[PDB]
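Note sheet for the following structure.
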Amino acid sequence: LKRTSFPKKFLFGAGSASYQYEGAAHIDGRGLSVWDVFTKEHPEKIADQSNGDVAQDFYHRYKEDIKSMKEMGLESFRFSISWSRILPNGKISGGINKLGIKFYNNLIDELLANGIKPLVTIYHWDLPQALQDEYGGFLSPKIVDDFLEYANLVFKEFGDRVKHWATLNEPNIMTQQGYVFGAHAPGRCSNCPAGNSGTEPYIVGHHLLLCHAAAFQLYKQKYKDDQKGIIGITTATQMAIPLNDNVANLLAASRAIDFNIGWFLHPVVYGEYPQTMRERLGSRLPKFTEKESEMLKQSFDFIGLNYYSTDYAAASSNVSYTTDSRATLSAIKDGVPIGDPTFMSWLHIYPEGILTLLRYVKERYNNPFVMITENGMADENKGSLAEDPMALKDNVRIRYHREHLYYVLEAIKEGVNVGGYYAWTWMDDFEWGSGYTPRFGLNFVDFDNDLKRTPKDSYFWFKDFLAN
């Protein structure tokens, strides 16, 4: 495969998120996020009882990393802004942390100095704890005005240089894990000290979409004419295919797609929830005003798709999101995995499924401009480079990226409007509930050797790929 086989305007990048990368969590005026609290106060929910206090210390070492990015030939770099680093209490009334602004200014100036276009995710799950304490964060409509003022500050201070934005990253996972399974911050579920897995997800999702629409409309009306950038939304797009060709399994696949992918994509393309969510949930699903519906319809310049794997969907043989779809997912059919299993239980290697996703999005949503904002896989963390000499020989990762890009190039030949691909992830990082147990990086991070970065074989494959 060769980069010259892709459109010249197509963006090739690698991605990062604030809490997963930065460290310096309690220095330089940064306020607590719900993830500081979640990792510190629920270590039993983190596979290795770890946190993001230090991560890979990107906050201090970004200059060295960006040099390694330029050497690989990276076109774009995706990174997220820590709300609580710039606004310690989440509110403009709480004061703007100048050292936080300084850090993002330095990061951005460093990327552009090295010829790398920033793609900035405004919100990648690190909500200020002060907002969760004040009104339960995304459980309240008050989040929208606090999100608006945050988005406004971000556009005003960085938008002169930043020309590519995502409002949100994977609000579906953020809502599912945060408020259905309580496996992610803020750890609410219907075992959880508080929550309702049947009601709270649909409220949280509602307020996320209202935040998205308010940030989009603000960018359109106040900043787009001057700054000439673009703004979209990234969602998690695990694909579903029917277990078989039984009409019930065809509809189960449709219902799992509507409940996971369509949940946020339907409002942003058409201005309404998927009708199968309205049919199932009645009053548990909040209703958009005519105004809101107008603000949401085509509230994007692009849609970010985060594609890792596909499952089989079958029709389903104390209300919760989990059972609301009337569908069962599995990666196995007649005791045969959909693709090679990897360290992550939910990640089978099924590169065909990314074309299936891109075809579905094309046909369902009238071929909107999309980017793959995440795609990659993880090897198990087996310790230091000395403990794991084979960590660098990531032939499986190399195969994963190669076959997925083959199918993205197929997508382009079929007139799908895909214009970006961002690897997950630049360097081994903090992976939420999994802690540092999964290594997703093109770069190895030796957490026992002063966070030394060693390029994996995948780095050199991407170097060759981008050069030709």
Side-chain angles (χ1 to χ4, degrees), residues 1-16 20-21 56 64-79 111 114-117 119 305-309 339-344 347-355 358 371-382 385 388-413 418-429 431 438-446 452-468:
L1 274 178
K2 291 179 173 190
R3 153 79 186 95
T4 51
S5 297
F6 286 81
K8 294 191 184 168
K9 280 189 187 184
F10 193 103
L11 284 173
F12 276 99
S16 66
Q20 295 188 257
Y21 272 58
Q56 299 88 61
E64 315 141 36
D65 297 317
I66 287 162
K67 192 182 178 236
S68 176
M69 289 174 201
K70 186 189 178 165
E71 289 185 35
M72 215 199 61
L74 206 63
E75 291 171 358
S76 185
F77 177 72
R78 168 170 175 270
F79 79 76
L111 292 167
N114 279 268
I116 302 169
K117 304 175 181 181
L119 195 143
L305 310 178
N306 287 359
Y307 175 79
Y308 289 91
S309 191
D340 286 359
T342 72
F343 177 62
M344 301 308 283
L347 212 172
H348 295 86
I349 309 180
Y350 185 67
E352 298 99 293
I354 203 178
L355 171 58
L358 282 167
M371 303 191 258
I372 305 303
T373 43
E374 287 191 2
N375 178 241
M377 44 128 285
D379 306 316
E380 188 175 21
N381 182 339
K382 286 173 187 172
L385 228 214
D388 190 17
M390 297 293 297
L392 296 187
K393 300 284 152 136
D394 55 342
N395 301 319
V396 183
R397 173 158 301 107
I398 285 184
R399 170 171 63 108
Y400 182 95
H401 288 294
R402 181 176 71 221
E403 294 177 2
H404 279 84
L405 286 157
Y406 172 87
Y407 280 108
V408 171
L409 200 57
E410 287 298 304
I412 296 178
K413 298 169 172 158
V418 202
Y421 177 93
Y422 293 82
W424 190 258
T425 191
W426 178 245
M427 75 179 79
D428 305 335
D429 74 351
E431 289 292 336
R439 298 195 167 272
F440 277 102
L442 302 175
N443 293 273
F444 183 88
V445 183
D446 199 340
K452 196 188 162 182
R453 287 83 152 125
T454 303
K456 307 185 182 167
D457 289 0
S458 53
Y459 175 104
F460 293 106
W461 182 93
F462 261 109
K463 188 174 178 177
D464 183 64
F465 170 77
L466 294 171
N468 291 297

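Quick note: residue numbers are just sequence positions, from 1. Just so you know, these numbers use all the heavy atoms, side chains as well, and skip hydrogens, waters and symmetry mates.
- Judged by distance alone, with hydrogens and angles left aside, the side-chain atoms of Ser309 form a donor-acceptor pair with the main-chain N or O of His348 at under 3.5 Å.
- Using a 3.5 Å distance cut-off with no hydrogens or angles, the side chains of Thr342 and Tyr400 do not pair a donor with an acceptor.
- Here NE2 of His404 is found 4.5 Å from OH of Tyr307. Values are rounded to the nearest 0.5 Å.
- In terms of heavy atoms, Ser5 sits closest to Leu409 at O-CD1, 3.2 Å.
- Considering CZ of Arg402 and CG of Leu1, their distance stands at 8.0 Å, rounded to 0.5 Å.
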Could you tabulate the donor-acceptor pairs under 3.5 Å formed by side-chain atoms of residues 460-468, not counting sequence neighbours?
from: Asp464; atom 1: OD1; to: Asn468; atom 2: ND2; distance (Å): 3.1
from: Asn468; atom 1: ND2; to: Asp464; atom 2: O; distance (Å): 2.9

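- The shortest heavy-atom contact between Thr425 and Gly15 is OG1-O, 2.6 Å.
- Remark: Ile349 CD1 to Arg399 CZ distance equals 4.0 Å, nearest 0.5 Å.
- Taking the six-membered ring for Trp and the full ring otherwise, the centers of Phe79 and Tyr21 sit at least 6.0 Å from each other.
- A heavy-atom distance below 4.5 Å is found between the side chains of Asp65 and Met427.
- Here the shortest heavy-atom pairing between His401 and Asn375 reads CE1-O, 3.2 Å.
- Side chain of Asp428 to main chain of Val445: a donor-acceptor pair is present (N/O by atom type, distance under 3.5 Å, no hydrogens or angles).
- Atom CD in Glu64 sits 11.0 Å away from atom CE in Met69 (nearest 0.5 Å).
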Q. Going through the checks in order, is the side-chain contact (heavy atoms from CB on, under 4.5 Å) test met by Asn443 and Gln56?
A. CA-CA 11 Å; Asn443 293 273; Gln56 299 88 61; over 6 Å; no

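- The 12-atom threshold is exceeded at CZ of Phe343, counting heavy atoms of other residues, nucleotides or ligands nearer than 6.0 Å.
- Interatomic distance, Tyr407 OH to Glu403 CD, rounded to the nearest 0.5 Å: 7.5 Å.
- Taking the side chain as every heavy atom from C-beta outward, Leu111 and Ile66 approach each other to under 4.5 Å.
- For the pair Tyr422/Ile372, no side-chain contact is recorded, criterion being any heavy-atom separation below 4.5 Å from C-beta on.
- The aromatic rings of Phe6 and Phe12 lie perpendicular to each other, with more than 60° between the two planes, well past the 30° mark.
- For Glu71, the salt bridge (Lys or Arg N to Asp or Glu O under 4.0 Å) partners two or more places apart in sequence, or in a different chain, are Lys67.
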Q) Passes side chain to side chain donor-acceptor pair (under 3.5 Å), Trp424 versus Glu431? Steps please. A) CA-CA 11 Å; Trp424 190 258; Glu431 289 292 336; 2.9 Å; yes

Under 3.5 Å, which donor-acceptor pairs link side chains of residues 391-398 to any protein atom two or more places apart or in another chain?
from: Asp394; atom 1: OD1; to: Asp457; atom 2: N; distance (Å): 3.2
from: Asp394; atom 1: OD1; to: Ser458; atom 2: N; distance (Å): 2.9
from: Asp394; atom 1: OD2; to: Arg397; atom 2: NH1; distance (Å): 2.9
from: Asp394; atom 1: OD2; to: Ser458; atom 2: OG; distance (Å): 2.6
from: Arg397; atom 1: NE; to: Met377; atom 2: O; distance (Å): 3.4
from: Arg397; atom 1: NH1; to: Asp379; atom 2: OD2; distance (Å): 3.3
from: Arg397; atom 1: NH1; to: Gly441; atom 2: O; distance (Å): 3.3
from: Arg397; atom 1: NH2; to: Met377; atom 2: O; distance (Å): 2.9
from: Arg397; atom 1: NH2; to: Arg439; atom 2: O; distance (Å): 2.6

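- With sequence neighbours excluded, no residue forms a salt bridge (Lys or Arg N to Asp or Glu O under 4.0 Å) with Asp388.
- The shortest distance between side-chain heavy atoms of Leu347 and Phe440 falls below 4.5 Å.
- Screening residues 1-10 for salt bridge (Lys or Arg N to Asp or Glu O under 4.0 Å), with sequence neighbours left out, gives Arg3-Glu75.
- With sequence neighbours left out, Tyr350 forms a ring-ring contact (aromatic ring centres under 6.0 Å, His included) with no residue at all.
- Panel note: side chain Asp446, backbone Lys452; no donor-acceptor pair is recorded below 3.5 Å.
- Using a 4.5 Å cut-off on side-chain heavy atoms (C-beta onward), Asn114 and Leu74 make no contact.
- No side-chain heavy atom of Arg453 sits less than 4.5 Å from a side-chain heavy atom of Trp426.
- Within the 3.5 Å criterion, the main-chain N or O of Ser68 finds a donor-acceptor partner in the side chain of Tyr459.
- Side chain of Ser16 to backbone of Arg78: a donor-acceptor contact under 3.5 angstrom is found.
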